[PDB]
Number of protein chains: 2
Amino acid sequence: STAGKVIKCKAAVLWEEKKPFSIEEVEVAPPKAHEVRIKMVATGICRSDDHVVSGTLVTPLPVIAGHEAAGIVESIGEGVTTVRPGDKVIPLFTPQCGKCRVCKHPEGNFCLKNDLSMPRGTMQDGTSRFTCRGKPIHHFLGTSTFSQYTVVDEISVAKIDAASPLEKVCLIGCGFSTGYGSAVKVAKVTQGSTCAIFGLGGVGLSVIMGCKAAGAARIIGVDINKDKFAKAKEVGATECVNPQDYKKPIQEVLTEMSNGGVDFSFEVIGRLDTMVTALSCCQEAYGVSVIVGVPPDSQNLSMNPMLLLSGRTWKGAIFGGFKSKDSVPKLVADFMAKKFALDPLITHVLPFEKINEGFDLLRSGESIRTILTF
Amino acid sequence: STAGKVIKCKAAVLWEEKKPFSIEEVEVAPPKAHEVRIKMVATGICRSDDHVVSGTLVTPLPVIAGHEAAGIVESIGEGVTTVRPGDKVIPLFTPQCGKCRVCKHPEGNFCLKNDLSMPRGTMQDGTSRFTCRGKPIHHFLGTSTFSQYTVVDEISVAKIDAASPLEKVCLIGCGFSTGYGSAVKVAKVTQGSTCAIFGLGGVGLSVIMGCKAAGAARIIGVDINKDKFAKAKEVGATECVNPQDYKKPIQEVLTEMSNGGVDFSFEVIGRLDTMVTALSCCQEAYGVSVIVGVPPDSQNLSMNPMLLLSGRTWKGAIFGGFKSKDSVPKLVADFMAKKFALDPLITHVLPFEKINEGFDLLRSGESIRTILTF
Ligand SMILES: NC(=O)c1ccc[n+]([C@@H]2O[C@H](COP(=O)([O-])OP(=O)([O-])OC[C@H]3O[C@@H](n4cnc5c(N)[nH+]cnc54)[C@H](O)[C@@H]3O)[C@@H](O)[C@H]2O)c1
Ligand SMILES: NC(=O)c1ccc[n+]([C@@H]2O[C@H](COP(=O)([O-])OP(=O)([O-])OC[C@H]3O[C@@H](n4cnc5c(N)[nH+]cnc54)[C@H](O)[C@@H]3O)[C@@H](O)[C@H]2O)c1
Ligand SMILES: OCc1c(F)c(F)c(F)c(F)c1F
Ligand SMILES: OCc1c(F)c(F)c(F)c(F)c1F
Ligand SMILES: [Zn+2]
Ligand SMILES: [Zn+2]
Ligand SMILES: [Zn+2]
Ligand SMILES: [Zn+2]
């Protein structure tokens with residue numbers, strides 16, 4: 001039995017920015033009241049994890065990163081009511097406490113207990129469950145999925161179907177749900193509309209899936225890497241454009257293509273310039289643009305507010321607008337019911353021990369999602 | 001009869017920026033096909049007319065400004081079907097051609113025939129109906145209401161109730177409809193919500209009217225001129241705040257007052273800084289901010305897109321989002337049925353000949369709306 005005891009296990013520790021993960025032994029404390037210790041089964045490599053490595057996202061180091069995952073409950077702390085040992089679960093990088101003003105709001109999902117806004121890198125109680133080489137190691141987004149075992153707060157975990165394939169449904173923990181919800185819930189893409197998606201990685205492809213599911217008539221993928229176009233078309237893009245092929249700015253190209261601007265645009269990269277381009281390419285009177293990408297820490301964009309005064313709507317969201325604990329089990333049930341596909345996002349499957357190789361596939365442009373298996 | 005003849009009449013001509021208007025004789029050509037010549041009865045002084053004087057808003061000079069008005073049709077050109085001589089009318093500074101993609105869209109109002117995005121200062125045919133001292137004089141927004149007679153395109157005029165009091169309903173041509181619609185149509189303010197309005201002039205008071213009509217529980221007025229607070233409370237503000245009273249930035253004050261951010265905020269001034277402040281003060285996960293104020297020409301704001309990524313919605317609108325020709329007659333009908341009040345906006349009345357005094361009253365801070373009578 002491991003319940004109640006410190007577990008020594010393998011994890012991928014990030015000791016400093018811009019260096020490889022170190023795969024080594026950590027100690028994982030047992031869960032305290034209202035905490036859940038999970039044996040990980042599969043975790044995806046999301047660009048936001050790479051942002052921690054690159055310094056694009058600032059969070060306390062050293063850290064166990066990883067936020068897109070699935071596993072099996074090993075043990076529960078006193079007072080836990082929503083999961084039990086043996087349950088398949090997805091950690092929730094956006095919590096759902098159910099009590100704050102956001103959780104109670106019909107359209108809010110960015111629960112006030114999150115660790116995104118002002119990251120502390122801890123459990124809810126302000127302490128860590130992880131040590132390595134005698135040193136405390138920070139959590140990441142309350143999840144820390146790059147470890148054989150993690151500990152999460154109850155508000156940061158959802159129980160999912162016992163028959164789920166965890167090596168696929170881990171994507172519902174971040175990239176699929178974020179893109180799909182950005183289309184269907186945050187933008188509320190309409191039947192017959194024209195959409196433009198900037199960035200054709202895992203998240204952008206999931207935005208395309210949602211735009212097709214919503215009945216869009218035209219779905220224009222935009223990427224500087226033309227190797228991304230074939231899969232974008234497979235999942236619903238009606239055409240793809242590479243800004244580098246054009247003498248004119250791409251907002252002008254997209255405005256011309258759409259006979260005066262698109263209905264819905266999405267920034268799914270994380271650049272200031274493409275956030276402003278994406279806003280500009282939606283129709284000036286009734287267009288909607290959604291920011292999905294995460295831009296570099298503490299940098300401001302510049303824009304002319306006449307883009308908004310004419311009638312455009314500009315919004316962003318975390319995790320596709322989904323209230324996380326309510327939505328994750330339903331998404332997994334919908335996947336089990338064949339309502340959407342996840343295989344198109346999965347290009348590589350590697351053992352956890354190859355985490356660094358997985359990040360190198362992302363950075364080289366070669367992968368969409370690598371799933372690491374423990 | 002004057003039909004088919006040039007009319008000589010008085011107008012207020014702006015020859016140069018940062019100068020008084022010149023009240024002097026102009027020649028007003030008869031209407032061409034699908035044009036309407038109107039004998040003006042009343043026009044309001046809106047801050048956007050002052051923007052032309054100050055160079056905040058760039059439009060070709062020399063010009064006959066004025067865009068908030070009501071009058072009586074003197075004559076119609078060939079092919080006009082929607083008004084007749086003797087009808088009471090409101091010129092529409094935002095046209096409604098009824099044929100473009102925006103006019104056909106359920107939520108668009110910024111008709112593609114507008115002369116706002118890139119002003120030419122002409123009729124739809126690219127010419128002028130005005131001569132002064134033998135020189136052609138530009139139009140403004142297709143309306144040019146600071147004249148005893150104007151000529152407008154048919155898509156830029158709406159027929160209104162024959163029993164309408166034109167010295168009141170002129171405000172439906174700009175400031176009332178803009179503010180009220182910005183609350184009720186663009187933001188879609190909800191019952192029980194908390195709203196913050198930056199700027200308590202005629203437009204911001206009209207926003208407050210709309211937030212009260214929509215059932216808001218708290219309506220916080222924000223102005224650096226505390227003389228504006230009494231009227232804001234009369235029309236529905238529950239409290240008023242002056243940024244100059246506080247050590248901390250007003251977005252922080254409003255976030256504290258609203259226990260974590262407001263549901264709806266409105267920028268109703270025309271400053272880049274208060275557009276960002278207004279966005280920031282709305283709740284980060286579900287707040288909505290609407291830009292109503294007109295920014296200084298060609299200047300960009302700077303903002304951190306994390307404000308949007310957490311879930312805020314940022315939008316702007318012209319004319320309260322109202323499709324102008326459909327909506328103006330209904331708004332007049334509702335005013336006649338006492339569905340809303342206009343008198344709180346009217347602080348001064350002057351004859352047209354005293355236009356410059358009217359602008360002095362606006363610039364001093366003393367007036368809300370001065371109504372000029374021809
Ligand atoms: N809002 C959220 O909740 C959330 C969740 C998941 C991911 N993200 C962010 O979303 C973004 C995309 O993540 P991902 O899909 O995993 O990343 P990814 O797989 O790196 O995809 C990014 C795509 O952008 C393309 N690209 C790069 N520069 C340009 C350019 N100038 N123009 C057009 N295309 C360009 C690039 O070739 C690649 O295919 C990242 O910034 C993530 O951090 C946000
Ligand atoms: N979007 C549209 O369709 C539309 C229509 C009508 C008016 N406008 C614009 O809306 C704005 C307001 O028009 P209005 O009500 O006629 O003007 P106004 O009567 O000049 O009112 C503006 C108010 O802003 C106040 N103010 C100035 N600076 C600040 C500050 N730093 N903080 C707080 N308050 C401040 C000022 O004291 C005044 O009471 C102007 O920019 C107009 O050009 C836009
Ligand atoms: O990919 C999801 C994701 C985000 F959307 C962020 F805004 C963030 F800060 C982060 F760490 C993260 F993992
Ligand atoms: O006051 C209404 C109004 C506007 F909202 C503008 F954006 C504009 F350019 C203009 F000239 C105007 F009069
Ligand atoms: Zn919460
Ligand atoms: Zn992610
Ligand atoms: Zn039109
Ligand atoms: Zn106006």
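As a basis for the values below, the full set of heavy atoms in this structure was taken, side chains included, without hydrogen atoms, waters or symmetry mates. The sequence lines fix the lettering, A, B, ..., with proteins before strands; numbering per chain opens at 1. Atoms within a ligand are numbered from 1 in the order they appear, just like the ligands themselves.
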**Study point:** Test item: side-chain donor near acceptor, B:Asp49 and B:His67, under 3.5 Å
**Key:** yes

Exercise for review: Identify, by atom number and element, the atoms of ligand 2 in contact range of B:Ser48, meaning under 4.0 Å from any of its heavy atoms.
Suggested key: 7 (C), 8 (N), 42 (C), 43 (O)

Where does [X] meet ligand 2, judged by heavy-atom distances below 4.0 Å: at the side chain, the backbone, both, or neither?
X: B:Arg47; answer: both
X: B:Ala317; answer: backbone
X: B:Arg369; answer: side chain

Review point. Atom 36 (C) of ligand 2: which of B:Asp50, B:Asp223, B:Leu116 has the nearest heavy atom?
Key: B:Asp223

Proximal atoms of ligand 4 relative to [X] (non-hydrogen, under 4.0 Å):
X: B:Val294; answer: 4 (C), 5 (F), 6 (C), 7 (F)
X: B:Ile318; answer: 5 (F), 7 (F)
X: A:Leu309; answer: 7 (F)

Review point. Does the salt bridge (charged side-chain N to carboxylate O under 4.0 Å, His left out) test come out yes or no for B:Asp326 and B:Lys330, once each step is laid out?
Key: CA-CA 7 Å; B:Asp326 294 338; B:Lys330 174 56 156 150; over 6 Å; no

Mind checking whether [X] has a heavy atom under 4.0 Å from ligand 2?
X: B:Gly175; value: no
X: B:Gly202; value: yes
X: B:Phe319; value: yes

Point to revise | Min heavy-atom dist B:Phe140 to ligand 4 below 4.0 Å | key: yes

Practice item. Run through B:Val157, B:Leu92, B:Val89 and flag the one making a side chain to side chain contact (heavy atoms under 4.5 Å, CB included) with B:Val328. Key: B:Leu92

Review point. Do the charged groups of B:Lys233 and B:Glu239 touch, with an N to O distance under 4.0 Å?
Key: no

Review point. Thinking salt bridges, do B:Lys248 and B:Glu256 make one under a 4.0 Å N-O criterion?
Key: yes

Study note, to complete from the structure: In this structure, atom 1 (O) of ligand 4 is nearest to the protein heavy atom B:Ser48 OG, 2.6 Å

Exercise for review: Starting from atom 2 (C) of ligand 2, locate the nearest protein heavy atom and write down its residue, its atom name and how far away it is, to 0.1 Å.
Suggested key: B:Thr178 CG2, 3.6 Å

Review point. So, do B:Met275 and B:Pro295 sit near enough that their side-chain heavy atoms are less than 4.5 Å apart?
Key: yes

